Structures are given as structure tokens and as C-alpha cells.
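Both counts, for ligands and for their atoms, begin at 1 and track the order of listing. Below, all heavy atoms of this structure are taken into account, side chains as well, without hydrogens, waters or symmetry copies. Numbers here simply count residues along the sequence, with the first being 1.
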Amino acid sequence: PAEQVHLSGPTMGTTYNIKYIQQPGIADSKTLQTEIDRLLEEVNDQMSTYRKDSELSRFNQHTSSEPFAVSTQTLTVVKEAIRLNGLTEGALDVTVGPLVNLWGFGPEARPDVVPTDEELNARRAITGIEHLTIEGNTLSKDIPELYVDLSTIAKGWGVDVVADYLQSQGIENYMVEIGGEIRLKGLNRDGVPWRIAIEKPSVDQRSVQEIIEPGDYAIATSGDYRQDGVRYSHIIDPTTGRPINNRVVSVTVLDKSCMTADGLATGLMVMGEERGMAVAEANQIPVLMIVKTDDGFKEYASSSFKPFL
Ligand SMILES: Cc1cc2nc3c(=O)[nH]c(=O)nc-3n(C[C@H](O)[C@H](O)[C@H](O)COP(=O)(O)OP(=O)(O)OC[C@H]3O[C@@H](n4cnc5c(N)ncnc54)[C@H](O)[C@@H]3O)c2cc1C
Ligand SMILES: [Mg+2]
Ligand SMILES: [Mg+2]
């Protein structure tokens, strides 16, 4: 009878949940949790916008055009952010920091008063992926006020870092989950591939879960299924400088990398269902987008997502 261990703790303003299947010859749960906590604290010390002395915050505080050296891990995540910026036609843009902060979703204290068009325009003027370059093991910013936010991607990165640690310890059956971003390998305590739920919105407002088995894959979801006014959310449209205003309720992406799935889910959400599903089709990305229609909801699954339903 297979023994599942559940580890939980705090990271990145949220909680992680790791489940794995005990096998002969592996480290005890205390040993594993101790290293998992160290790895995730490192991700936070590299890439947290909320820690004033993180590598990323020190880059945000840096004012020179002069190259700023960063860790291999930060470099890997920023390179992926830039790659996914190209793939999403500019939709995923980690230099939207100033706008995320303006709207109340970052470390900056904001009032309940809506920003003026003048304040918004000032923050838009100091955003844009074009301002950020990678040179060897360094970042450079061609404007001093550039503020990079890796909230959209470094969670997936932490999931990948922990998944690789569990593999390094000879654990081949696991679920790593941080703030809802997941990576799975092998089989659950019942000997079947791990089960995740996709939340479906319903016109009757009843909670509907679809349970799928992704197999050896990462899964990331952006948006929350949960009156008709101004749209206000933490996902910013880089073209408007404002919270996204489109029909997209949620986007679920599968990828071998949780980092990659995380960036893609947010990027495709900002693109909208037409341009987003077109990118998913052209690039063999398994995606499910739920969109609000005139009198209900509709799903769009890419060709590479069809199997999983
Ligand atoms: C390393 C790390 C440390 C964190 N530490 C803290 C903490 O100390 N305290 C705390 O309260 N929260 C913390 N957070 C949480 C963070 O502020 C976000 O709330 C969270 O990461 C949102 O994740 P999500 O999966 O819901 O968002 P996703 O949908 O995956 O991405 C949305 C987030 O990305 C950013 N963003 C918005 N629009 C875009 C865009 N078009 N392109 C690119 N990025 C965009 C914004 O930060 C937004 O919240 C941390 C996150 C990370 C990754
Ligand atoms: Mg994301
Ligand atoms: Mg995310």
C-alpha cells in the first residue's frame, strides 16, 4: 500500500504543496523539506520584487546603462521572459512593473483613486521590453526607471527547481504546486497519473470541475473563473497600460517546463482567444481558454490539448 507524503509551507506570498510517493532509499521528509525551503528562499532572494535586496530589486534600483551581473537562474528566467515576449507578439512583457505597481498589484502602496491619464502615461513611458537587453551573464536597461516584474514566470521557475530537486533525490512520483502552478511526474498513491481539476464557469453559477491527467507535464493557469463595470485585475495589457479588458476568463497551458507554462498562460490571456489560440496552434502548445460569450461561456482547446479532455 503506497505511502504519500504531503509537504506544505510559505513562499512568494502564497503556499506550496508537494506530494510524493515514498520509495526505498530516499531521504526522510525533513531532509527534503529543508532543501526545498532553501531552494525556494533562493528563488525569492533572486527574483522577488517585494524583497528590497533581491537581485531583481537591486537591478530595478540600478540607474546606469552599464551591465548588471545576475545569477544563472535569474538569467535563465529573464531569457525565457524575452523569448515568450516575442512568441506572444509583445503581450507578455515583464517590464510592465511600473504599471502593475500603479494599479495596486505590486509592492507600491496605492490609494482607491483611479490613476489620472497623466500618471498612467508617465508609467507607460518607462515600460517596454525593447529597453531590456541580455549580454552574457548581465542585464542592461537603456532607461533608469525600468522596473522588471517576474511575478508571471518565476513561480513556474520555483516549481521546476523543486521538481528537479525531487528527481535528484530519486523521487519519480510527485506533484509540485506553488500558488496553483503545477508540475507532475509518475503516479499518485492509487497508482494512477496525478489528477488536476480545470474550473469551468457555468451560466447557473454552480462550481464545475473537469478532472484531467496531464501525465509527466507542468500545468499553469491565469485568470480566475470566480456586475458589468471597468475590468480590474492584476494582468496588464502592455499596449493600453491598463488591466486587460477582453473576453478571456482563464487560460490553462501544458508544457514540460512550469516556467514556460506560467509565462504562456498569462501571455496568451493578454493576446485574447483569436490571436492566442492562433499562437497555440502554430507552436504545438496545449491550451484551454475559457471565454465569456454574449449569454454564457465557451471553451477553445488547441489541437495539442484535445487529447487531455
Ligand atoms: C519570486 C516571487 C516572489 C513573490 N513575493 C511576493 C511577496 O513577497 N508578497 C506578495 O504579496 N506577493 C508576492 N509574489 C506574488 C506576485 O506579486 C503575484 O501576485 C503572483 O506572482 C501572481 O501570480 P499568478 O500566477 O496569479 O499570476 P500570472 O497570471 O501568472 O501573472 C500575473 C502577474 O504578472 C505581472 N504581470 C501583469 N501583467 C503582465 C504582463 N502583461 N506581462 C508580464 N507580467 C505581467 C503582475 O505581477 C501580475 O500579478 C511573488 C511572486 C514571485 C514570482
Ligand atoms: Mg504567468
Ligand atoms: Mg502564474
At the 4.0 Å heavy-atom cut-off, does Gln46 count as touching ligand 1?
no
So between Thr14, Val96, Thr49, whose heavy atom ends up nearest atom 39 (C) of ligand 1?
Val96
I need the contact type for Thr152 against ligand 1. Using non-hydrogen atoms and a strict under-4.0 Å cut-off, is it side chain, backbone, both or neither?
both
Which residue owns the protein heavy atom closest to atom 26 (O) of ligand 1, what's the atom, and how far is it?
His234 CE1, 3.3 Å
Where does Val100 meet ligand 1, judged by heavy-atom distances below 4.0 Å: at the side chain, the backbone, both, or neither?
side chain
So, 4.0 Å and heavy atoms of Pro238: is ligand 1 close enough to count as a contact?
yes
Which residue is it: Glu118, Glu108, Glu145? I am looking for the one with a salt bridge (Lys or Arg N to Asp or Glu O under 4.0 Å) to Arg123.
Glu108
Residues forming a side-chain hydrogen bond (donor to acceptor under 3.5 Å, both in side chains) with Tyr300, sequence neighbours excluded
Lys298
Atom 8 (O) of ligand 1: closest protein heavy atom, distance to 0.1 Å, is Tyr50 CB, 3.4 Å
Given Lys155, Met269, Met47, identify the one with the heavy atom nearest to atom 24 (P) of ligand 1.
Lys155
Closer than 2.8 Å to the Mg ion (ligand 3) - protein N, O or S atoms, ordered by chain and residue number
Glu181 OE2, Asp262 OD1
Correct closest heavy-atom pair for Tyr20 and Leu7 would be CE2-CD1, 4.1 Å
Under the salt bridge (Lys or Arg N to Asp or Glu O under 4.0 Å) criterion, do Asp117 and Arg242 qualify, and how do the steps go?
CA-CA 11 Å; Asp117 278 17; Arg242 304 176 179 273; 3.1 Å; yes
